[PDB]
Every structure is written in structure tokens, then in C-alpha cells.
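What follows is one structure encoded as C-alpha cells, with my remarks underneath.
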Amino acid sequence: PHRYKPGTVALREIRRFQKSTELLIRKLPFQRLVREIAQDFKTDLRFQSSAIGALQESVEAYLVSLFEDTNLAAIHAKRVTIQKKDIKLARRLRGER
Amino acid sequence: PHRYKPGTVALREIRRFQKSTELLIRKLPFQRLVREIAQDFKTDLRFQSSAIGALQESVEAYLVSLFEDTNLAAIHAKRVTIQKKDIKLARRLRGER
Amino acid sequence: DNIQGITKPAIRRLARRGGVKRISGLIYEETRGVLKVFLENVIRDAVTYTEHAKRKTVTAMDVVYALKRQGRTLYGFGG
Amino acid sequence: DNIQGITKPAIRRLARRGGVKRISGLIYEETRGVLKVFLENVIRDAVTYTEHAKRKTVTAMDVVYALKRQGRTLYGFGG
Amino acid sequence: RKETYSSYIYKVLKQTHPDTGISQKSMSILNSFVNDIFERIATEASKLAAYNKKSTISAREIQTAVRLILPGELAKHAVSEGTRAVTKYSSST
Amino acid sequence: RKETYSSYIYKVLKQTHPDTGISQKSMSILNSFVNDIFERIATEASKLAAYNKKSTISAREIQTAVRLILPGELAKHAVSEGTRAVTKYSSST
Amino acid sequence: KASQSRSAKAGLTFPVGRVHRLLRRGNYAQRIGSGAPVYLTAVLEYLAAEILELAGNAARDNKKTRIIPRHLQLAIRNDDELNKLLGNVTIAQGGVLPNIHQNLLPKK
Amino acid sequence: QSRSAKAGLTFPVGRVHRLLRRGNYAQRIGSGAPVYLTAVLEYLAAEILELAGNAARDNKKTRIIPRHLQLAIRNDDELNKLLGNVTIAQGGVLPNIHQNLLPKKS
DNA sequence: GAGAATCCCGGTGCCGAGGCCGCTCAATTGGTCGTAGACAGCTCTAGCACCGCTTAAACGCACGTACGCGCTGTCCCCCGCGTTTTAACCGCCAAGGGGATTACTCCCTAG
DNA sequence: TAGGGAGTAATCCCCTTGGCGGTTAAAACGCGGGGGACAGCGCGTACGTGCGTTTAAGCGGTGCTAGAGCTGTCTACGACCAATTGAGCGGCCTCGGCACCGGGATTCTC
């Protein structure tokens, strides 16, 4: 059969994901995560679905901006594969410690 | 015939300026610079003496805060010498464009 | 299985939204770690706005005010 | 030639404050181009405060408020 | 009873694009945007009036706040539109 | 005829340290610190009062404010000492 | 005796009196002058008109007749003074502009 | 009788009440609220003065200098991120030397 | 093993950091009233819980190949140092231009 | 309808912009030398690809009840006003901590 070069259909997946505007995290594991993370500060806490959407949009923008910052720090380091020290450098030079 | 290794006296004077906290910028050339950069909008400008000292402290703090960041970018770049590309990545990661 | 409630291709989806090419395997738990240190700072401020208002449910208002605080503001839910 | 007011050993003094063993020679003019935009960005918000005060002199009182407006609030000269 | 700007901005869109529809979420973003802009401009003006030891807000402190906040060509177009509007309104004679 | 805070910080410093001297640049520094903390706390308290449809500022809103901005062990130290002062005032009414 | 509002006296479609109300009981100042709501209303007029212009051109650029938040996001992020003003705000359901680094392409 | 002495504090409750009421924050204002703000300002002032005093005695001086103030603010991490956006005057930077920049071996 | 280069101990004006009195506004006390915060009480939206079908998304094992990484040889461009030289800085004298402030007034903004 | 907040303006005094000049740390400039950055080449493995096999997300439907939210009523906290006393700003006065200078011990570096 006919195959593809590794890193060429990944460009197509990149342009598909950078066209598509849809949501990239499933709603029930995220709502379980935010409920068990809000249980620590205060019990018997109910939630709103609009608050769920606002929270998920905030964290989705946060990983997106942090992630091209990590990618730019990685190509800065004459490499293509990202590593954990790129994340630590991006966090340290972005200001949050 | 006593010749020092290059960088040892650099680190020693780095230590002396680490105990030091005085102004490292000459006063009158910086006064000339701020007058020639403030003349362009409304001429015949009177200046107070303390404003120039405040400008000195702010430019020195911004320079050292950028230089620690580009030192971190340089030591992350597996090098000892800095470059313009470290300075651009410092400005990109700190976010002043 | 709550902190790993997000799945392995979820960081991949957030990755390829970000224009990356090659991704390692040790970064997934580290991205989950920055999830933890981000959501603590978000929902501690959210629950301060919550029980200040004498309510035991979070609405759409206190979350966007919590987001308004640190300078990562978000539109769309301002009303 | 007045733009040549800032001198290269002063940039070296600022560099060794950062604790750097090796400095290349292009860093001086890079920092010159960096600083030139930077001080003009506070001269932008100082002289308009001065003009709205109906004053033709600047002081230590409006420059600290310009830095406090942009977001590097500085102590020592009041405010 | 709740307040929104929706009919005014709808009319602004019909002045330049008559055949264009609207998502309600787009009104939510743009209402938040105009409220946020009014927010920063108004507290910048109040802060500047508290600086000059004045108890009155007039057109000149919000003019200076517009010059402070907006970028330069938007600042000059905004003060042009504001000055022509306030001189048209001031001609009530 | 300006107002300073120098006598009170001098009294506090002599309460904690009976031998330390101080310079005037440091007094300007920490007067600016006190005014910055006061101003940030005050605009946050006014914001939380206007946000809860509330026309009076009472100690609950500054309690929520010093909960939300100040660091946590300083936050509960400040809450403890401020509540101690609150009961000291309400006892000695 | 009957006369209309100040908005058409200034020739504006945004409410001058509502802005005056919000400036009065928004506790920004103890005294509010007459010409301040007119100036602020005109500034909001021009800002909303320019944002609607860029949104309408973006919606024409996708061959649609409705304003999607994608159109608002691309109109804000494409243009650079709107990039500087709105850099710190994340648009709800906006997405990310397409960009690839030159070294990441299959250069060969 | 002074309200500061009634509340057991050494800070001018009347002055901060004046600054709060003629500062245009709310139409009405509380009575125990300036006392509460007075107490928390006294606490932060006392704690930063204690830290500056310790940073004075460890470097043999009986005088407070802004370098000692920088030494007092930067070591405490919670105070450091409290003032992560604040530039001090005549304070300097802490001495940190990178391990890769440190030469030789052992 | 030597040698710059530090750290450490002792004498010196000094000039800038603690008291002190004078006193002038600004914190304190008392009375009045009209409204706003608190509590009680009320109606329904909306949030939680669970059952069950569908299935597309996710885990896991297998392998193959670019890409991270270790080593290497090399220009060469930064680093220590001697020599001019050039502008920065300190002491100072004089001007006059610009900020502070007093003082009445009227208009326009609060109600 | 009212009243008090800018507005005008004049006057005093203070600081700051030029202009002196010496002298002196300090920058400019040229020169020897040494590790550091540069590309290049090989070794292996880790991430991409793929198919079989779950699984537990998603829809959607229903049932229940807390709790959001609006209204009514009350009364006591607080703005407002008039008199008062005291305390914190300031000019003035006085003296010792620290920088500065001089000279000897001491530690990395070569």
C-alpha cells in the first residue's frame, strides 16, 4: 500500500485542529475534576454549567498560550521535540513560579 | 608575568557588584538623552532633579530584570555567551511586543 | 482516577491546537501539575466570591470575576 | 552624537550586575535599541500628565504615577 | 428588568451592513467589550481628577484618558469624533 | 502642609526594636508601601461593595479582601488580629 | 415645548442619558460635568462602529450572513492596534489564528 | 479619648477613616471597618519592620538602609510574590551565581 | 611555592539623624432623622441523581525510522592589559521664570 | 432653586537652567592569546502509525427538591451639624554612625 511521511499528515492534523473551533476536553471528567478540587476549599458546593464552560475555556486558552511559548522555547534550543525543561523555562521567564 | 585566566576576574568583579548597589549609569549623558527624547513633543521643557533619579532607577531595574531573564535563556541554550536571539526570546516570553 | 480524568490524547489535542510537532512522554504529568497549580489559584478565589455572597453554589458571575482578577479576562459571559 | 551618551563600560557594568561571564559585542547596541523604546514609553505617559496638570515642568510625582499606571509601581520618591 | 445595549449596536450595524445577521453570543461579547472599555476609561478619568485635586469630571480629563488608553491613531480619530460631537452638541443656540 | 505616618511607624519600630535607626528614604519607601496597600485594599473593598449591590462598606468586605489578595498565613494572621481588634472595640464601646 | 434626547442633539445613536446615569451613580466623582457623557458616548460610537466594520468584513470574507465569534476573533487578532488593546482578553469560542514556523515546514 | 487607644493600636484610625470617607469609595461607610484596616496596616508595618530589623542586625548595622529593605523583602517568598511587581530604590539584587557559570571542578 | 587581591582593625571630621517647643487646624463628642441592611416569608427555576442505548474515542501491544545526543576539529572573536584623552564632576555665583497661594465671583451643576 | 467650585490674577520666593574651571576617574583604542561556538558524523531509541479490544462519554429522559430570587416591613447604624481641645507638623538645635583613609593579615590563582 501507500503510506505517508511521519510529519506530513501531522501537518494536515495541525491545520485541521487550527481550523476547528470545537472543545478538546470531555465535560464529565473535567466537571468531576473541578468538583473534587472545589471540595477541598468548601463542602456542599453546587455548580453552574456556564461556570463550567467559563472555567474550561480559561484553562484551554492557558494551555494554548503556554504551549506555543514552550514550542518557541524549544525551537530556540535548536530542537524539534519539546521536553520538560522547555516548560520550566517558559514558566520561569513568563513570571509564574 | 602573571596573566589571569579570562573570566575569573570577571566573576570576582561580578561579586563586587553583587555587594554593590550604587548607580552604574552616568548622570549628565542620561539627562542629555532624556532631554533630547522629550524635546520632540513640547519644547522648552523644565525638568526636576528627582525625576532623573527615578528614571535612572527604573531603567537600571528593567535592565537587570531583562538580563537575568536572558541569562536564563542563555544557560538554557547550552552556551555561556549571550546573543540577540536570546534577547528576542526573552522579549517574546516576557511579553512586551 | 480524577486528576487523570483528562486523557492522554487530550494534551495531544491542546498540543496540536498550539502548533507543535513532536511531543515527549514525560510532559503529560507536568502539564497536569500546572493544571493543579492553575485551578487552585482560580477556584480558591472563586469560592471566596462564593461564600462572601452567602451562597453555596457558584454562578457564572463569580468565576468570570475571579478570572478578571489576575488579568486573564474572558468575554462572552459578562452578563 | 548625543545618542552616544550611554557608554559601553556602563553596559558592561549593567551586564556584570546580572552575573554573566561572557558578553558578546552586539549586546550593547541590542540593549540600546531595547532601552530607546522603553524610556520613550514612559515619556509618553509623563508629559501628558504634566500637560493635563497645566504645568511646563516634570517632577518626581507624575513619573512615579506613570510607572504605577503601566505596572511597575516604584517606592522611594513618594506616591 | 435588565439592561443591554443591543438595539443601538444593532442600528450601528444596519447603518453599514444591512444584510447581516447576529448571534446572541456575539452581543454578549460586544456588550462585555463596550462595558469593559467604559470601565477603564471612567476609572482612568476619576483617577486623573483625583490627581489634580479637582472634584469635577469634564470633557478634558476623559480626553486625556482617551489619549492615555487608546493607541495613537485610534486616539486621534477618537478625539476627532468626540470633539466634533461635543461641538455639535454645544451649538444649542 | 502634608500628612505623614512617621510617628506611628517610629513607635511601632521602637516597640519591636529598641536600638534600630532609620533613614528618610526608607520612610518614603514604606510610606509608599502603606499607601499602595491602603489604595489596593480600598479599591477592592469598593469593588466588592458595588458588586454585591451594597451601599455601605463594613468589616466583612475588607475581611474578604484581605482573604483574597494577601498571602495565606499573612491573611489569617491579619484576620485574627483584625477580629481581635474588632472585639476589643465592640467590648469597649 | 417637547424636545428629543441629547443623543440626536449630538448626532449619536448610543444613549447619552444612560451614560450620564452610569457616570453619576458609578461613584467615580462627586460632580459630573455636562459635556462628559457626550464625549464618552462618541468614543464608544467610534469603537463599536470600527469593531462592527471589521466583523462585517470578516463575515463577508467567509461567505456567511451572520456574525460568528470566530469572525470577531480573527478581526481582532488580525489587526494590530486591536491586538495591543485586546491582548489580555480571551474571546469566548474564538479559536487560534493559523501559523507555522518556517523551520518546521518540510523544507527539503 | 483616642479611638486608636480604645482599640489598642498605635495608628491614626481617624486619619484613615478620613481618607476612606473622602476618597469616594462608597456612599456609606462602616465604623469598625477603619479600625479593621488600621489593625491590619499595623500588623503589616510591624512585620516588615521586624524583618528589616533582623536584616539590620545580621549585617552589624544599627541603621536601616534600603539595601537591608531589599534583603528583607526578597528572602520571604510570600512577601516576594506579594511585591513581585515592585521596584525598590537603592536596594540591589540578591547574589545568585549559576552552577554552570561556576568554573573548575570540586 | 609567589602575588594581586582581598578582609580586618584603628583614627577622623561631619553632616545628617534624634529631641523640643509653638501652635494650628483636625480628630472627638453630642444630637437628629431618614433611609438601607437584616430578617422573615414567599414562589418556581434549576441543579443533582440515575437508567439505559450507542459508539466513537481511548488503551495496549508491535515495529520502524528519523532525530536527540555524544564526540571532534577548528577559526576566531571576545578577554586581560598598556596608553592617550576626553568628557564627567565638584565648588560656586547669579537670574528669572515658574509654582503656591491668597481672594473674590459667578455659573452651573446638585436636588 | 442654591451655593460653592473652578477661574482669574497677582505676588512672592525658590530652584534650576547656563556658565564658569580644574582635575581625574574613566572611556577609546590597539594588541596577544585561548576556550567557545560552529558544522559534521555516527549510535541508538523514542515517538509516530496501526489494528484489535474495550468503555464509559454522550443523549436524553425523568424524578425530586434545594435554593435562587422577589417582596414586605422594621429600626438602628450612620450622614449631618455645631462646638471643642490636643497632637502631630515644623523650625530649630545638638552630636555620634558610618563612610573614608591608612596599614597589616589572609585567601585563591598561577
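Following the order of the C-alpha cells, first chain is A, next is B, and so on, with residues numbered from 1 inside each chain and ligands from 1 in the order they appear.
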(message) Could you pull out the alpha helix (DSSP H) residues of chain B, going by DSSP on the backbone, and write them as a count of residues only?
(response) 63
(request) Name all residues at most 10 Å from residue 42 (chain F) (count only C-alpha atoms (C1' of nucleotides); drop same-chain ones fewer than 4 positions away) and give them as an NGL selection string. (result) (:F and (36-38 or 46-48 or 57 or 62 or 65)) or (:H and (19-20 or 23-25 or 37))
Any chance you can output those residues with N, CA and C atoms as an mmCIF file, in the first residue's frame?
```cif
data_model
loop_
_atom_site.group_PDB
_atom_site.id
_atom_site.type_symbol
_atom_site.label_atom_id
_atom_site.label_comp_id
_atom_site.auth_asym_id
_atom_site.auth_seq_id
_atom_site.Cartn_x
_atom_site.Cartn_y
_atom_site.Cartn_z
ATOM 1 N N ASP F 36 0.184 52.248 49.052
ATOM 2 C CA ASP F 36 -0.148 51.304 47.986
ATOM 3 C C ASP F 36 -1.047 50.184 48.497
ATOM 4 N N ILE F 37 -0.720 49.633 49.671
ATOM 5 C CA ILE F 37 -1.552 48.611 50.296
ATOM 6 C C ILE F 37 -2.934 49.153 50.635
ATOM 7 N N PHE F 38 -2.992 50.366 51.198
ATOM 8 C CA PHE F 38 -4.257 51.016 51.523
ATOM 9 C C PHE F 38 -5.095 51.254 50.275
ATOM 10 N N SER F 46 -14.230 48.746 47.693
ATOM 11 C CA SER F 46 -15.256 49.470 46.949
ATOM 12 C C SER F 46 -15.817 48.629 45.812
ATOM 13 N N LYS F 47 -14.958 47.842 45.155
ATOM 14 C CA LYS F 47 -15.408 46.972 44.077
ATOM 15 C C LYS F 47 -16.326 45.884 44.621
ATOM 16 N N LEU F 48 -15.953 45.264 45.742
ATOM 17 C CA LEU F 48 -16.782 44.205 46.309
ATOM 18 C C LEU F 48 -18.069 44.754 46.915
ATOM 19 N N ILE F 57 -19.720 50.001 53.315
ATOM 20 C CA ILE F 57 -18.567 49.123 53.453
ATOM 21 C C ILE F 57 -18.411 48.796 54.932
ATOM 22 N N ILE F 62 -13.801 44.037 53.752
ATOM 23 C CA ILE F 62 -12.338 44.078 53.836
ATOM 24 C C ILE F 62 -11.792 42.756 54.372
ATOM 25 N N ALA F 65 -11.526 40.874 51.312
ATOM 26 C CA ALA F 65 -10.431 41.447 50.529
ATOM 27 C C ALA F 65 -9.070 40.961 51.026
ATOM 28 N N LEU H 19 -9.464 59.452 55.155
ATOM 29 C CA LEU H 19 -9.008 59.100 53.813
ATOM 30 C C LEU H 19 -9.973 58.152 53.122
ATOM 31 N N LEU H 20 -10.629 57.281 53.887
ATOM 32 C CA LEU H 20 -11.596 56.367 53.302
ATOM 33 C C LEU H 20 -12.886 57.086 52.930
ATOM 34 N N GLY H 23 -12.576 59.659 49.912
ATOM 35 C CA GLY H 23 -11.812 59.014 48.866
ATOM 36 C C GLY H 23 -12.709 58.492 47.765
ATOM 37 N N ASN H 24 -14.023 58.659 47.960
ATOM 38 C CA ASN H 24 -15.083 58.285 47.018
ATOM 39 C C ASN H 24 -15.019 56.793 46.667
ATOM 40 N N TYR H 25 -15.244 55.980 47.691
ATOM 41 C CA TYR H 25 -15.352 54.540 47.503
ATOM 42 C C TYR H 25 -16.768 54.019 47.673
ATOM 43 N N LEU H 37 -9.047 47.993 59.170
ATOM 44 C CA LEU H 37 -7.976 48.366 58.251
ATOM 45 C C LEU H 37 -6.766 48.906 59.010
#
```
(message) What's around residue 85 (chain H) at 8 Å? Count only C-alpha atoms (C1' of nucleotides), leave out sequence neighbours fewer than 6 positions away in its own chain, and write the answer as JSON, numbers by chain.
(response) {"D": [71, 72, 73]}
(message) Which residues are near residue 79 (chain C)? Cut-off 9 Å, only C-alpha atoms (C1' of nucleotides), ignore same chain within fewer than 2 positions. Put them as a ChimeraX atom specification.
(response) /C:60-61,76-77 /E:4,28,31-32
(request) Define the interface residues of chain B facing chain G as those within 12 Å, counting only C-alpha atoms, and report them as number ranges by chain. (result) B: 95-97
Go ahead and write the selection's residues with N, CA, C and O atoms as a compact mmCIF listing (two decimals), in the first residue's frame.
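The result, stored in out.txt:
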```
# COMPACT_ATOMS: atom_id res chain seq x y z
N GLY B 95 6.82 39.00 27.12
CA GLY B 95 5.65 39.61 26.53
C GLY B 95 5.58 41.13 26.55
O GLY B 95 4.67 41.70 27.16
N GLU B 96 6.53 41.79 25.88
CA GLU B 96 6.49 43.25 25.74
C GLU B 96 6.55 43.67 24.27
O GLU B 96 7.25 44.63 23.93
N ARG B 97 5.83 42.97 23.40
CA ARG B 97 5.78 43.38 22.00
C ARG B 97 4.37 43.81 21.62
O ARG B 97 3.40 43.08 21.85
```
(request) Identify which of the residues G:28, G:6, G:52, G:96 lies closest to chain F, counting only C-alpha atoms when measuring atom-to-atom distances. (result)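 Under the stated criterion, the closest residue is G:28.
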(request) Give me the residues within 12 Å of residue 8 (chain I) as a PyMOL selection string, counting only C-alpha atoms (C1' of nucleotides) and dropping any in the same chain fewer than 4 places off. (result) chain J and resi 103-106
(request) Would you mind telling me which residue in H:70, H:1, H:59, H:80 lies nearest to chain A when using only C-alpha atoms? (result) H:80
(request) Compute the post-superposition RMSD of the C-alpha atoms of chain A relative to chain B, with atoms paired in order and the fit done by least squares. (result)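 Computed value for the CA RMSD is 0.7 Å.
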What would you get as a tab-separated table (two decimals) with C-alpha atoms, in the first residue's frame if chain D were moved onto chain C by least squares over all of its C-alpha atoms in order?
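The resulting out-v8.tsv:
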```tsv
chain	number	residue	atom	x	y	z
D	1	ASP	CA	-8.16	7.62	40.07
D	2	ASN	CA	-10.40	10.66	39.65
D	3	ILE	CA	-7.26	12.75	39.06
D	4	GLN	CA	-6.77	10.51	35.97
D	5	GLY	CA	-9.86	12.22	34.48
D	6	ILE	CA	-7.82	14.28	32.01
D	7	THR	CA	-6.72	11.98	29.21
D	8	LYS	CA	-3.52	11.82	27.17
D	9	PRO	CA	-5.04	12.27	23.64
D	10	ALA	CA	-6.73	15.42	24.99
D	11	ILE	CA	-3.27	16.71	25.96
D	12	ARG	CA	-2.19	15.70	22.45
D	13	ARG	CA	-5.15	17.69	21.09
D	14	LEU	CA	-4.01	20.71	23.09
D	15	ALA	CA	-0.43	20.16	21.89
D	16	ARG	CA	-1.33	20.01	18.19
D	17	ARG	CA	-3.37	23.18	18.68
D	18	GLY	CA	-0.04	24.80	19.55
D	19	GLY	CA	1.43	23.46	16.31
D	20	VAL	CA	4.17	21.13	17.57
D	21	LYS	CA	5.46	18.30	15.39
D	22	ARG	CA	7.17	16.29	18.14
D	23	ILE	CA	5.87	15.68	21.68
D	24	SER	CA	7.90	13.77	24.25
D	25	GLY	CA	6.11	11.58	26.77
D	26	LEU	CA	6.86	13.50	29.99
D	27	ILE	CA	5.06	16.66	28.77
D	28	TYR	CA	1.67	15.16	29.69
D	29	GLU	CA	2.39	14.83	33.42
D	30	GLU	CA	4.30	18.14	33.36
D	31	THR	CA	1.17	19.88	32.04
D	32	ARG	CA	-0.86	17.97	34.63
D	33	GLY	CA	1.27	19.42	37.44
D	34	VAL	CA	1.09	22.85	35.78
D	35	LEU	CA	-2.73	22.80	35.40
D	36	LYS	CA	-3.39	21.45	38.91
D	37	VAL	CA	-1.97	24.56	40.60
D	38	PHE	CA	-3.55	26.77	37.94
D	39	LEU	CA	-7.24	25.90	38.30
D	40	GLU	CA	-6.91	25.79	42.10
D	41	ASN	CA	-5.65	29.38	41.91
D	42	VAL	CA	-9.04	30.49	40.55
D	43	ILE	CA	-10.99	28.10	42.81
D	44	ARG	CA	-9.23	30.08	45.59
D	45	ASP	CA	-10.91	33.35	44.54
D	46	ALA	CA	-14.23	31.90	43.32
D	47	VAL	CA	-15.54	30.15	46.43
D	48	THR	CA	-14.68	33.06	48.73
D	49	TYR	CA	-16.72	35.37	46.48
D	50	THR	CA	-19.48	32.76	46.66
D	51	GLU	CA	-19.22	32.62	50.47
D	52	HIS	CA	-19.30	36.43	50.79
D	53	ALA	CA	-22.41	36.40	48.58
D	54	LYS	CA	-24.04	34.12	51.24
D	55	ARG	CA	-24.55	31.57	48.47
D	56	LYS	CA	-23.78	27.85	48.36
D	57	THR	CA	-23.69	27.54	44.56
D	58	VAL	CA	-21.14	28.91	42.13
D	59	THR	CA	-22.12	30.54	38.86
D	60	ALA	CA	-20.75	32.10	35.69
D	61	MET	CA	-20.87	35.53	37.37
D	62	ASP	CA	-18.26	35.09	40.12
D	63	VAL	CA	-15.75	33.01	38.12
D	64	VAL	CA	-15.45	35.71	35.44
D	65	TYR	CA	-14.94	38.27	38.20
D	66	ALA	CA	-12.23	36.09	39.75
D	67	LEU	CA	-10.42	35.96	36.39
D	68	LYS	CA	-10.96	39.71	35.99
D	69	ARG	CA	-9.49	40.28	39.46
D	70	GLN	CA	-6.36	38.25	38.71
D	71	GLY	CA	-5.97	39.64	35.20
D	72	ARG	CA	-7.43	37.52	32.36
D	73	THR	CA	-10.86	39.19	31.90
D	74	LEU	CA	-12.91	36.84	29.70
D	75	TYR	CA	-15.85	37.68	27.45
D	76	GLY	CA	-18.87	35.57	26.55
D	77	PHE	CA	-20.61	34.84	29.85
D	78	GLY	CA	-21.48	38.38	30.87
D	79	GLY	CA	-19.56	40.65	33.19
```
(request) One decimal, Å: what's the distance from CA of residue 45 (chain F) over to CA of residue 75 (chain F), could you say? (result)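 Answer for the CA of residue 45 (chain F) to CA of residue 75 (chain F) separation: 15.3 Å.
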(request) Write out as a list in words each polymer residue whose atoms come within 10 Å of residue 60 (chain J), counting only C-alpha atoms (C1' of nucleotides); drop sequence neighbours fewer than 2 positions from it. (result)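 Near residue 60 (chain J), the qualifying residues are residues 52 of chain I; 58 and 62 of chain J.
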(request) Would you please give, as an NGL selection string, all residues of chain G that DSSP assigns to strand (DSSP E) based on the backbone? (result) :G and (31-32 or 66-67)
Take the residues just selected and output them with C-alpha atoms as a tab-separated table (two decimals), in the first residue's frame.
```tsv
chain	number	residue	atom	x	y	z
G	31	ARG	CA	-19.61	66.18	40.44
G	32	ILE	CA	-20.08	65.33	36.76
G	66	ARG	CA	-24.21	36.03	10.45
G	67	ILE	CA	-21.59	37.18	12.94
```
Per residue of chain E within 10 Å of chain D, what are the shortest atom pair and its distance in Å to one decimal, counting only C-alpha atoms, with rows by chain and residue number, as CSV?
```
residue,atom,partner,partner_atom,distance
E:44,CA,D:69,CA,9.2
E:48,CA,D:49,CA,8.4
E:49,CA,D:52,CA,9.9
E:51,CA,D:53,CA,8.8
E:52,CA,D:53,CA,6.5
E:60,CA,D:52,CA,8.3
E:61,CA,D:52,CA,7.6
E:63,CA,D:52,CA,9.8
E:64,CA,D:52,CA,7.1
E:65,CA,D:48,CA,9.7
E:67,CA,D:48,CA,8.3
E:68,CA,D:45,CA,6.8
E:69,CA,D:45,CA,9.8
```
Can you write just those residues out, N, CA and C atoms, as an mmCIF file, in the first residue's frame?
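Now in selection02.cif:
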```cif
data_model
loop_
_atom_site.group_PDB
_atom_site.id
_atom_site.type_symbol
_atom_site.label_atom_id
_atom_site.label_comp_id
_atom_site.auth_asym_id
_atom_site.auth_seq_id
_atom_site.Cartn_x
_atom_site.Cartn_y
_atom_site.Cartn_z
ATOM 1 N N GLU E 44 -9.992 55.642 34.763
ATOM 2 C CA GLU E 44 -8.832 56.470 34.439
ATOM 3 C C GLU E 44 -9.143 57.953 34.597
ATOM 4 N N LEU E 48 -7.473 60.477 37.327
ATOM 5 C CA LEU E 48 -6.822 61.717 36.916
ATOM 6 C C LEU E 48 -7.434 62.935 37.600
ATOM 7 N N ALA E 49 -8.754 62.935 37.799
ATOM 8 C CA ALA E 49 -9.385 64.035 38.522
ATOM 9 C C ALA E 49 -9.007 64.028 39.995
ATOM 10 N N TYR E 51 -6.087 63.021 40.980
ATOM 11 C CA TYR E 51 -4.723 63.545 40.942
ATOM 12 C C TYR E 51 -4.664 65.062 40.993
ATOM 13 N N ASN E 52 -5.507 65.755 40.234
ATOM 14 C CA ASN E 52 -5.370 67.194 40.074
ATOM 15 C C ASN E 52 -6.101 67.969 41.163
ATOM 16 N N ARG E 60 -12.285 67.351 29.336
ATOM 17 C CA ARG E 60 -10.841 67.366 29.134
ATOM 18 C C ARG E 60 -10.123 66.222 29.850
ATOM 19 N N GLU E 61 -10.606 65.776 31.014
ATOM 20 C CA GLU E 61 -9.962 64.647 31.677
ATOM 21 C C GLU E 61 -10.275 63.331 30.976
ATOM 22 N N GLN E 63 -10.749 63.290 27.768
ATOM 23 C CA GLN E 63 -9.903 63.433 26.585
ATOM 24 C C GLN E 63 -8.485 62.957 26.871
ATOM 25 N N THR E 64 -7.946 63.342 28.030
ATOM 26 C CA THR E 64 -6.620 62.877 28.424
ATOM 27 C C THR E 64 -6.611 61.377 28.704
ATOM 28 N N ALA E 65 -7.712 60.838 29.232
ATOM 29 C CA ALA E 65 -7.797 59.397 29.460
ATOM 30 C C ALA E 65 -7.863 58.624 28.147
ATOM 31 N N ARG E 67 -6.464 59.716 25.367
ATOM 32 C CA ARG E 67 -5.081 59.802 24.895
ATOM 33 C C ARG E 67 -4.170 58.822 25.629
ATOM 34 N N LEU E 68 -4.457 58.549 26.902
ATOM 35 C CA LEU E 68 -3.648 57.616 27.677
ATOM 36 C C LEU E 68 -3.910 56.170 27.269
ATOM 37 N N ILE E 69 -5.175 55.816 27.053
ATOM 38 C CA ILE E 69 -5.542 54.412 26.901
ATOM 39 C C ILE E 69 -5.366 53.949 25.461
#
```
(request) Hey, list the chain G side of the contact with chain I: 12 Å cut-off, only C-alpha atoms (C1' of nucleotides), answer as a count of residues only. (result) 7
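Counting only C-alpha atoms (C1' of nucleotides), residue 4 (chain B) has the following residues at most 9 Å away, ignoring those fewer than 5 positions along the same chain: residues 9 of chain B; 80 of chain I; 109 and 110 of chain J.
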